[PDB]
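Structure file run.cif; described as mmCIF, C-alpha atoms and all ligand atoms.
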data_query
loop_
_atom_site.label_atom_id
_atom_site.label_comp_id
_atom_site.auth_asym_id
_atom_site.auth_seq_id
_atom_site.Cartn_x
_atom_site.Cartn_y
_atom_site.Cartn_z
CA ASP A 412 33.55 35.05 56.92
CA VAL A 413 31.51 31.72 57.30
CA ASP A 414 31.78 28.12 56.13
CA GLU A 415 28.31 27.78 54.48
CA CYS A 416 29.04 24.04 53.94
CA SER A 417 29.29 23.43 57.72
CA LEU A 418 26.19 25.19 59.09
CA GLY A 419 23.73 22.42 58.58
CA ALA A 420 21.82 21.40 55.57
CA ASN A 421 23.51 21.44 52.23
CA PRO A 422 23.04 24.82 50.48
CA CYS A 423 23.61 22.94 47.17
CA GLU A 424 20.39 21.48 45.72
CA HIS A 425 19.89 18.06 44.14
CA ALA A 426 22.78 16.53 46.20
CA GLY A 427 25.49 18.74 44.71
CA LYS A 428 28.87 18.96 46.59
CA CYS A 429 29.30 22.14 48.71
CA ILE A 430 32.74 23.77 48.44
CA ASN A 431 33.59 26.62 50.81
CA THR A 432 35.18 29.85 49.58
CA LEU A 433 36.22 33.02 51.44
CA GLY A 434 33.19 35.31 51.15
CA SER A 435 30.91 32.73 49.53
CA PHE A 436 30.68 29.05 48.54
CA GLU A 437 30.31 27.07 45.32
CA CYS A 438 28.39 23.98 44.26
CA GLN A 439 29.78 21.03 42.32
CA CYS A 440 26.64 19.72 40.61
CA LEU A 441 25.57 16.18 39.81
CA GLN A 442 24.98 15.23 36.16
CA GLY A 443 21.82 16.79 34.83
CA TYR A 444 21.87 19.85 37.13
CA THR A 445 23.04 23.45 36.66
CA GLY A 446 22.93 26.86 38.37
CA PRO A 447 24.89 28.39 41.25
CA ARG A 448 23.23 26.01 43.72
CA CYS A 449 22.30 23.22 41.21
CA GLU A 450 18.71 24.59 41.21
CA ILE A 451 18.08 23.83 37.53
CA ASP A 452 17.12 20.51 36.03
CA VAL A 453 18.84 20.69 32.58
CA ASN A 454 16.55 20.03 29.59
CA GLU A 455 18.43 17.22 27.77
CA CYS A 456 15.90 17.57 24.88
CA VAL A 457 16.85 21.22 24.16
CA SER A 458 19.31 20.26 21.36
CA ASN A 459 16.65 18.05 19.61
CA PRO A 460 18.45 14.64 19.97
CA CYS A 461 15.52 12.40 19.01
CA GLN A 462 15.36 11.69 15.23
CA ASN A 463 12.58 10.65 12.82
CA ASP A 464 9.74 12.39 14.72
CA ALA A 465 10.53 10.60 17.98
CA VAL A 466 9.22 11.92 21.33
CA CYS A 467 11.95 13.25 23.63
CA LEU A 468 11.66 12.59 27.41
CA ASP A 469 13.58 15.09 29.53
CA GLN A 470 14.85 13.08 32.53
CA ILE A 471 17.43 13.47 35.28
CA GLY A 472 20.82 13.74 33.56
CA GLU A 473 19.53 12.12 30.39
CA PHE A 474 16.95 11.97 27.66
CA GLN A 475 15.06 8.98 26.35
CA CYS A 476 13.58 8.82 22.92
CA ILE A 477 10.27 7.17 22.14
CA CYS A 478 10.60 5.94 18.58
CA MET A 479 7.99 6.00 15.85
CA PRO A 480 7.20 2.45 14.58
CA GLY A 481 9.96 1.06 12.36
CA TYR A 482 12.73 3.01 14.15
CA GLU A 483 15.07 2.11 16.96
CA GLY A 484 18.24 3.22 18.76
CA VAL A 485 19.20 5.81 21.35
CA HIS A 486 18.30 8.65 18.98
CA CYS A 487 15.75 6.60 16.96
CA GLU A 488 18.30 6.94 14.14
CA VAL A 489 18.09 3.28 13.07
CA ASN A 490 15.50 2.27 10.45
CA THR A 491 14.91 -1.38 11.48
CA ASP A 492 15.79 -3.81 8.66
CA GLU A 493 12.53 -5.77 8.07
CA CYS A 494 14.24 -7.71 5.25
CA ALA A 495 16.62 -9.31 7.79
CA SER A 496 14.67 -12.63 7.89
CA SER A 497 14.60 -12.83 3.98
CA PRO A 498 10.77 -13.06 3.78
CA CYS A 499 10.27 -13.20 0.00
CA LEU A 500 9.51 -16.67 -1.54
CA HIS A 501 10.66 -17.83 -5.02
CA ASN A 502 13.80 -15.72 -5.37
CA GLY A 503 11.84 -12.49 -4.81
CA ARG A 504 13.97 -9.45 -4.06
CA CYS A 505 13.28 -7.72 -0.68
CA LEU A 506 12.98 -3.93 -0.31
CA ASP A 507 13.11 -2.40 3.16
CA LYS A 508 10.44 0.13 4.12
CA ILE A 509 9.22 1.83 7.29
CA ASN A 510 7.97 -0.91 9.68
CA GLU A 511 7.34 -2.95 6.52
CA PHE A 512 8.99 -4.62 3.48
CA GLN A 513 8.21 -5.03 -0.21
CA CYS A 514 8.83 -8.11 -2.30
CA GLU A 515 9.75 -7.70 -5.93
CA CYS A 516 8.49 -10.99 -7.35
CA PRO A 517 9.95 -12.61 -10.50
CA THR A 518 7.57 -13.08 -13.47
CA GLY A 519 4.86 -15.65 -12.77
CA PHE A 520 4.68 -14.93 -9.04
CA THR A 521 2.49 -12.53 -7.03
CA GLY A 522 1.42 -11.73 -3.46
CA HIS A 523 3.04 -9.87 -0.57
CA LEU A 524 5.58 -12.69 -0.09
CA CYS A 525 5.50 -13.94 -3.72
CA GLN A 526 3.40 -16.99 -2.59
CA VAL A 527 1.10 -17.20 -5.60
CA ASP A 528 2.39 -19.28 -8.52
CA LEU A 529 0.78 -18.24 -11.81
CA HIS A 530 2.98 -20.28 -14.19
CA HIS A 531 0.56 -23.25 -14.38
CA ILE A 532 -2.39 -21.01 -15.40
CA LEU A 533 -0.37 -19.78 -18.45
CA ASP B 412 -22.48 -25.61 -57.56
CA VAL B 413 -22.75 -27.41 -54.09
CA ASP B 414 -24.35 -26.76 -50.71
CA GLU B 415 -21.21 -27.17 -48.49
CA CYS B 416 -23.49 -26.84 -45.40
CA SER B 417 -25.43 -30.00 -46.35
CA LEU B 418 -22.67 -32.51 -47.15
CA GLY B 419 -22.00 -33.70 -43.67
CA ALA B 420 -19.89 -32.26 -40.99
CA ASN B 421 -19.90 -28.55 -40.46
CA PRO B 422 -17.14 -26.85 -42.50
CA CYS B 423 -17.27 -24.00 -39.93
CA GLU B 424 -14.98 -24.61 -36.94
CA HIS B 425 -15.74 -23.96 -33.26
CA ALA B 426 -19.53 -24.44 -33.82
CA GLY B 427 -19.92 -21.51 -36.19
CA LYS B 428 -23.13 -21.35 -38.36
CA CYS B 429 -22.65 -22.51 -41.99
CA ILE B 430 -24.36 -20.31 -44.59
CA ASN B 431 -24.47 -21.51 -48.20
CA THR B 432 -23.57 -19.22 -51.11
CA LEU B 433 -23.47 -19.85 -54.87
CA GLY B 434 -19.86 -20.85 -55.55
CA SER B 435 -18.80 -20.98 -51.90
CA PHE B 436 -20.12 -20.74 -48.33
CA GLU B 437 -19.62 -18.46 -45.34
CA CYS B 438 -19.30 -18.95 -41.60
CA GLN B 439 -21.14 -16.98 -38.91
CA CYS B 440 -18.73 -17.30 -35.98
CA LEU B 441 -19.41 -17.64 -32.27
CA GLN B 442 -18.05 -14.97 -29.92
CA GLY B 443 -14.30 -15.24 -29.55
CA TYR B 444 -13.66 -16.76 -33.01
CA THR B 445 -12.54 -15.29 -36.34
CA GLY B 446 -11.37 -16.35 -39.81
CA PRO B 447 -13.21 -17.60 -42.91
CA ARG B 448 -14.09 -20.86 -41.15
CA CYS B 449 -13.83 -19.57 -37.51
CA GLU B 450 -10.37 -21.22 -37.30
CA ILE B 451 -8.87 -18.51 -35.07
CA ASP B 452 -9.25 -18.17 -31.35
CA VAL B 453 -9.16 -14.33 -30.91
CA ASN B 454 -6.59 -13.05 -28.39
CA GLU B 455 -8.77 -10.91 -26.06
CA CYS B 456 -5.54 -9.70 -24.34
CA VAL B 457 -4.13 -8.13 -27.55
CA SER B 458 -5.45 -4.62 -26.66
CA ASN B 459 -3.85 -4.78 -23.12
CA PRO B 460 -7.11 -4.62 -21.05
CA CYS B 461 -5.64 -5.60 -17.67
CA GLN B 462 -4.43 -2.56 -15.64
CA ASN B 463 -1.89 -2.07 -12.82
CA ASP B 464 0.45 -4.90 -13.90
CA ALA B 465 -2.32 -7.51 -13.86
CA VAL B 466 -1.92 -10.84 -15.69
CA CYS B 467 -4.22 -11.23 -18.70
CA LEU B 468 -5.78 -14.67 -19.41
CA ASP B 469 -6.80 -15.17 -23.03
CA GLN B 470 -9.95 -17.34 -22.90
CA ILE B 471 -12.79 -18.30 -25.21
CA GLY B 472 -14.60 -15.08 -26.12
CA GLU B 473 -13.22 -13.25 -23.09
CA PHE B 474 -10.27 -12.27 -20.99
CA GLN B 475 -9.84 -12.52 -17.25
CA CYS B 476 -7.47 -10.38 -15.31
CA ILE B 477 -5.46 -11.62 -12.35
CA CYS B 478 -4.98 -8.59 -10.15
CA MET B 479 -1.90 -7.60 -8.20
CA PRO B 480 -2.61 -7.39 -4.42
CA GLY B 481 -4.60 -4.28 -3.50
CA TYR B 482 -6.42 -4.13 -6.86
CA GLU B 483 -9.76 -5.44 -8.02
CA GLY B 484 -12.32 -5.21 -10.82
CA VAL B 485 -12.73 -6.58 -14.33
CA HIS B 486 -9.68 -4.64 -15.54
CA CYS B 487 -7.99 -4.51 -12.09
CA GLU B 488 -8.70 -0.76 -12.34
CA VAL B 489 -10.00 -0.45 -8.75
CA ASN B 490 -7.51 0.33 -5.96
CA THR B 491 -9.31 -1.33 -3.00
CA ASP B 492 -10.15 1.19 -0.26
CA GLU B 493 -8.42 -0.23 2.87
CA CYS B 494 -9.64 2.78 4.89
CA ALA B 495 -13.27 1.62 4.42
CA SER B 496 -13.50 0.11 7.96
CA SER B 497 -12.04 3.37 9.56
CA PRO B 498 -9.14 1.55 11.30
CA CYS B 499 -7.38 4.49 12.98
CA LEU B 500 -7.98 4.96 16.78
CA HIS B 501 -8.12 8.34 18.58
CA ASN B 502 -9.33 10.53 15.71
CA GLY B 503 -6.38 9.47 13.52
CA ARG B 504 -6.76 10.33 9.85
CA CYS B 505 -6.64 7.34 7.42
CA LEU B 506 -4.62 7.37 4.18
CA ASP B 507 -5.27 4.69 1.57
CA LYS B 508 -2.29 2.84 0.09
CA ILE B 509 -1.69 -0.25 -2.03
CA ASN B 510 -3.04 -3.29 -0.09
CA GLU B 511 -2.39 -1.19 3.03
CA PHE B 512 -3.35 2.01 4.91
CA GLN B 513 -1.54 4.70 6.90
CA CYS B 514 -2.79 6.38 10.04
CA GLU B 515 -1.90 9.99 10.65
CA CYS B 516 -2.07 10.12 14.44
CA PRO B 517 -2.81 13.33 16.40
CA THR B 518 -0.08 14.57 18.79
CA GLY B 519 0.43 12.25 21.76
CA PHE B 520 -0.50 9.10 19.87
CA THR B 521 1.65 6.58 17.94
CA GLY B 522 1.51 3.11 16.37
CA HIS B 523 0.11 1.73 13.12
CA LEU B 524 -3.46 2.24 14.37
CA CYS B 525 -2.66 5.11 16.78
CA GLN B 526 -3.03 2.68 19.77
CA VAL B 527 -0.21 4.04 21.92
CA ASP B 528 -1.15 6.90 24.25
CA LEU B 529 1.88 9.02 25.18
CA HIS B 530 0.05 11.89 26.93
CA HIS B 531 0.48 10.42 30.44
CA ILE B 532 4.28 10.08 30.04
CA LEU B 533 4.52 13.86 29.33
CA CA C 601 32.44 31.09 52.94
CA CA C 602 16.54 16.85 32.78
CA CA C 603 12.83 -0.72 7.65
CA CA C 604 -22.12 -23.31 -52.33
CA CA C 605 -9.42 -16.19 -26.83
CA CA C 606 -5.91 0.95 -1.38
#

This entry written out as structure tokens:
Amino acid sequence: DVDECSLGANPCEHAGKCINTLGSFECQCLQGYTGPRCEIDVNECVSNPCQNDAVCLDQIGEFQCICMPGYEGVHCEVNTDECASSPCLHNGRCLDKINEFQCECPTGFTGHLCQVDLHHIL
Amino acid sequence: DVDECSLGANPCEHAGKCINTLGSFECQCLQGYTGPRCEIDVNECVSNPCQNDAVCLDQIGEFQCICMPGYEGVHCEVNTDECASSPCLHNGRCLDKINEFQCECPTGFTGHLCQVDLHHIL
């Protein structure tokens, strides 16, 4: 028959590699493309890869996640540790939250960061 | 017998009013004091008046509450409304919390105050 890969333009879309066969031809697609002639832009978001209510962006051969505040990582799977810098004063114990932290103050101390000393008042 | 209220100093403590009786005397105490001669400073914190883990200060004829952050009022009974100033952008719905608020953003918006527009990206 014909070599469809040697007539002129590439019959394979999205820069796929044209491979001649007897009676037809086949396309070797680039990452992110599918179909007999690489016509389809694969939806990389179709398997729901973005966690914790993240927004999935369907791109060429990849997805990108837009994380909700307090989350990070490729799949937004990481709850950022806000306690990392040890923010609680006066031996307060730090509790990690979503884009926030909580201090558990010892008796006689109050405030978000356990700043307020109350021992002198009592 | 004797007028104990006319000998000299006041037999009633903490500026209580001395009232003579036949065979004794009695004391008419000022607010915050008790006992036959007003000797006792009443503990106004004894009935646990301070709410939401507030610190109770036992004072003369009164208590004062030291509120935990996010609480106010005489008994620290009032959870301050942080949503009062309507902080959420783009028709976000405000949820009141403890010394904090939460914005429930409509689709296409993110961030603590719903600042981030994501509609143009998709
Ligand atoms: Ca052929
Ligand atoms: Ca894609
Ligand atoms: Ca966190
Ligand atoms: Ca008498
Ligand atoms: Ca008292
Ligand atoms: Ca509140």

Could you work out how far atom CA of residue 512 of chain B lies from atom CA of residue 533 of chain B, giving the answer in Å with one decimal? 28.3 Å

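Omitting segment 487-497 of chain A and its sequence neighbours fewer than 6 positions away, and counting all atoms listed in the file, the residues within 10 Å are residues 460, 461, 462, 463, 464, 465, 466, 475, 476, 477, 478, 479, 480, 481, 503, 504, 505, 506, 507, 508, 509, 510, 511, 512, 513, 514 and 524 of chain A.
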
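Residue nearest residue 528 of chain B, chosen from B:515, B:419, B:500, B:413 and counting only C-alpha atoms: B:500.
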
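The protein and nucleic acid residues lying at most 12 Å from residue 471 of chain A are residues 425, 441, 442, 443, 444, 445, 451, 452, 453, 454, 455, 456 and 475 of chain A, with all atoms listed in the file considered and sequence neighbours fewer than 4 positions away removed.
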
Have a look at atom CA of residue 527 of chain A and atom CA of residue 502 of chain A and let me know their distance in Å, one decimal. 12.8 Å

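If you measure from each of B:426, B:529, B:457, B:516 to ligand CA 605 (chain C) using all atoms listed in the file, the closest one turns out to be B:457.
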
With N, CA, C and O atoms as the target, complete segment 413-438 of chain B and hand it back as a PDB file, keeping the file's coordinate frame.
ATOM      1  N   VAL B 413     -22.504 -26.498 -55.213  1.00  0.00           N
ATOM      2  CA  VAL B 413     -22.750 -27.410 -54.090  1.00  0.00           C
ATOM      3  C   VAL B 413     -23.257 -26.653 -52.874  1.00  0.00           C
ATOM      4  O   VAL B 413     -22.808 -25.521 -52.634  1.00  0.00           O
ATOM      5  N   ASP B 414     -24.059 -27.321 -52.015  1.00  0.00           N
ATOM      6  CA  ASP B 414     -24.350 -26.760 -50.710  1.00  0.00           C
ATOM      7  C   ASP B 414     -23.343 -27.391 -49.701  1.00  0.00           C
ATOM      8  O   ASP B 414     -23.581 -28.481 -49.173  1.00  0.00           O
ATOM      9  N   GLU B 415     -22.235 -26.689 -49.423  1.00  0.00           N
ATOM     10  CA  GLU B 415     -21.210 -27.170 -48.490  1.00  0.00           C
ATOM     11  C   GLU B 415     -21.740 -27.371 -47.062  1.00  0.00           C
ATOM     12  O   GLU B 415     -21.143 -28.119 -46.278  1.00  0.00           O
ATOM     13  N   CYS B 416     -22.873 -26.724 -46.725  1.00  0.00           N
ATOM     14  CA  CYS B 416     -23.490 -26.840 -45.400  1.00  0.00           C
ATOM     15  C   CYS B 416     -24.364 -28.067 -45.273  1.00  0.00           C
ATOM     16  O   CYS B 416     -24.895 -28.300 -44.199  1.00  0.00           O
ATOM     17  N   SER B 417     -24.571 -28.822 -46.368  1.00  0.00           N
ATOM     18  CA  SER B 417     -25.430 -30.000 -46.350  1.00  0.00           C
ATOM     19  C   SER B 417     -24.711 -31.256 -46.754  1.00  0.00           C
ATOM     20  O   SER B 417     -25.383 -32.267 -46.929  1.00  0.00           O
ATOM     21  N   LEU B 418     -23.373 -31.272 -46.789  1.00  0.00           N
ATOM     22  CA  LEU B 418     -22.670 -32.510 -47.150  1.00  0.00           C
ATOM     23  C   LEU B 418     -22.526 -33.444 -45.965  1.00  0.00           C
ATOM     24  O   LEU B 418     -22.725 -34.657 -46.063  1.00  0.00           O
ATOM     25  N   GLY B 419     -22.183 -32.873 -44.840  1.00  0.00           N
ATOM     26  CA  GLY B 419     -22.000 -33.700 -43.670  1.00  0.00           C
ATOM     27  C   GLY B 419     -21.591 -32.931 -42.452  1.00  0.00           C
ATOM     28  O   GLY B 419     -22.429 -32.303 -41.796  1.00  0.00           O
ATOM     29  N   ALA B 420     -20.315 -32.996 -42.124  1.00  0.00           N
ATOM     30  CA  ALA B 420     -19.890 -32.260 -40.990  1.00  0.00           C
ATOM     31  C   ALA B 420     -19.903 -30.764 -41.347  1.00  0.00           C
ATOM     32  O   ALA B 420     -20.116 -30.351 -42.518  1.00  0.00           O
ATOM     33  N   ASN B 421     -19.813 -29.958 -40.296  1.00  0.00           N
ATOM     34  CA  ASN B 421     -19.900 -28.550 -40.460  1.00  0.00           C
ATOM     35  C   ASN B 421     -18.551 -28.061 -40.889  1.00  0.00           C
ATOM     36  O   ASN B 421     -17.584 -28.266 -40.145  1.00  0.00           O
ATOM     37  N   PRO B 422     -18.449 -27.408 -42.085  1.00  0.00           N
ATOM     38  CA  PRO B 422     -17.140 -26.850 -42.500  1.00  0.00           C
ATOM     39  C   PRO B 422     -16.669 -25.668 -41.673  1.00  0.00           C
ATOM     40  O   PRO B 422     -15.515 -25.269 -41.791  1.00  0.00           O
ATOM     41  N   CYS B 423     -17.574 -25.097 -40.854  1.00  0.00           N
ATOM     42  CA  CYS B 423     -17.270 -24.000 -39.930  1.00  0.00           C
ATOM     43  C   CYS B 423     -16.771 -24.588 -38.612  1.00  0.00           C
ATOM     44  O   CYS B 423     -17.454 -25.426 -38.006  1.00  0.00           O
ATOM     45  N   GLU B 424     -15.581 -24.149 -38.180  1.00  0.00           N
ATOM     46  CA  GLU B 424     -14.980 -24.610 -36.940  1.00  0.00           C
ATOM     47  C   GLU B 424     -15.638 -23.937 -35.723  1.00  0.00           C
ATOM     48  O   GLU B 424     -16.366 -22.930 -35.832  1.00  0.00           O
ATOM     49  N   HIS B 425     -15.342 -24.496 -34.552  1.00  0.00           N
ATOM     50  CA  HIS B 425     -15.740 -23.960 -33.260  1.00  0.00           C
ATOM     51  C   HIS B 425     -17.241 -23.601 -33.227  1.00  0.00           C
ATOM     52  O   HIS B 425     -17.624 -22.539 -32.740  1.00  0.00           O
ATOM     53  N   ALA B 426     -18.075 -24.506 -33.773  1.00  0.00           N
ATOM     54  CA  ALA B 426     -19.530 -24.440 -33.820  1.00  0.00           C
ATOM     55  C   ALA B 426     -20.137 -23.226 -34.479  1.00  0.00           C
ATOM     56  O   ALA B 426     -21.290 -22.889 -34.212  1.00  0.00           O
ATOM     57  N   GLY B 427     -19.400 -22.621 -35.398  1.00  0.00           N
ATOM     58  CA  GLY B 427     -19.920 -21.510 -36.190  1.00  0.00           C
ATOM     59  C   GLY B 427     -21.062 -21.942 -37.097  1.00  0.00           C
ATOM     60  O   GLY B 427     -21.139 -23.120 -37.435  1.00  0.00           O
ATOM     61  N   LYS B 428     -21.982 -21.021 -37.487  1.00  0.00           N
ATOM     62  CA  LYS B 428     -23.130 -21.350 -38.360  1.00  0.00           C
ATOM     63  C   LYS B 428     -22.716 -21.296 -39.822  1.00  0.00           C
ATOM     64  O   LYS B 428     -22.177 -20.284 -40.274  1.00  0.00           O
ATOM     65  N   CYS B 429     -22.948 -22.406 -40.558  1.00  0.00           N
ATOM     66  CA  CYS B 429     -22.650 -22.510 -41.990  1.00  0.00           C
ATOM     67  C   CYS B 429     -23.781 -21.902 -42.784  1.00  0.00           C
ATOM     68  O   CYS B 429     -24.951 -22.283 -42.605  1.00  0.00           O
ATOM     69  N   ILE B 430     -23.422 -20.970 -43.688  1.00  0.00           N
ATOM     70  CA  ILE B 430     -24.360 -20.310 -44.590  1.00  0.00           C
ATOM     71  C   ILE B 430     -23.942 -20.575 -46.034  1.00  0.00           C
ATOM     72  O   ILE B 430     -22.830 -20.220 -46.429  1.00  0.00           O
ATOM     73  N   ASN B 431     -24.821 -21.202 -46.819  1.00  0.00           N
ATOM     74  CA  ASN B 431     -24.470 -21.510 -48.200  1.00  0.00           C
ATOM     75  C   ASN B 431     -24.519 -20.301 -49.106  1.00  0.00           C
ATOM     76  O   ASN B 431     -25.398 -19.459 -48.965  1.00  0.00           O
ATOM     77  N   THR B 432     -23.563 -20.211 -50.028  1.00  0.00           N
ATOM     78  CA  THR B 432     -23.570 -19.220 -51.110  1.00  0.00           C
ATOM     79  C   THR B 432     -23.385 -19.943 -52.458  1.00  0.00           C
ATOM     80  O   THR B 432     -22.947 -21.098 -52.506  1.00  0.00           O
ATOM     81  N   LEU B 433     -23.694 -19.257 -53.560  1.00  0.00           N
ATOM     82  CA  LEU B 433     -23.470 -19.850 -54.870  1.00  0.00           C
ATOM     83  C   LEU B 433     -21.981 -19.692 -55.177  1.00  0.00           C
ATOM     84  O   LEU B 433     -21.459 -18.566 -55.222  1.00  0.00           O
ATOM     85  N   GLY B 434     -21.297 -20.827 -55.285  1.00  0.00           N
ATOM     86  CA  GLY B 434     -19.860 -20.850 -55.550  1.00  0.00           C
ATOM     87  C   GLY B 434     -18.983 -21.010 -54.330  1.00  0.00           C
ATOM     88  O   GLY B 434     -17.792 -21.294 -54.453  1.00  0.00           O
ATOM     89  N   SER B 435     -19.546 -20.813 -53.145  1.00  0.00           N
ATOM     90  CA  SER B 435     -18.800 -20.980 -51.900  1.00  0.00           C
ATOM     91  C   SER B 435     -19.781 -21.171 -50.735  1.00  0.00           C
ATOM     92  O   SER B 435     -20.887 -21.693 -50.900  1.00  0.00           O
ATOM     93  N   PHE B 436     -19.348 -20.759 -49.554  1.00  0.00           N
ATOM     94  CA  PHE B 436     -20.120 -20.740 -48.330  1.00  0.00           C
ATOM     95  C   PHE B 436     -19.451 -19.742 -47.378  1.00  0.00           C
ATOM     96  O   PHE B 436     -18.312 -19.304 -47.607  1.00  0.00           O
ATOM     97  N   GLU B 437     -20.160 -19.374 -46.328  1.00  0.00           N
ATOM     98  CA  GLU B 437     -19.620 -18.460 -45.340  1.00  0.00           C
ATOM     99  C   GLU B 437     -19.962 -18.951 -43.938  1.00  0.00           C
ATOM    100  O   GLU B 437     -20.953 -19.689 -43.736  1.00  0.00           O
ATOM    101  N   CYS B 438     -19.123 -18.553 -42.975  1.00  0.00           N
ATOM    102  CA  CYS B 438     -19.300 -18.950 -41.600  1.00  0.00           C
ATOM    103  C   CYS B 438     -19.667 -17.779 -40.705  1.00  0.00           C
ATOM    104  O   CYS B 438     -19.017 -16.721 -40.748  1.00  0.00           O
TER     105      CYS B 438
END
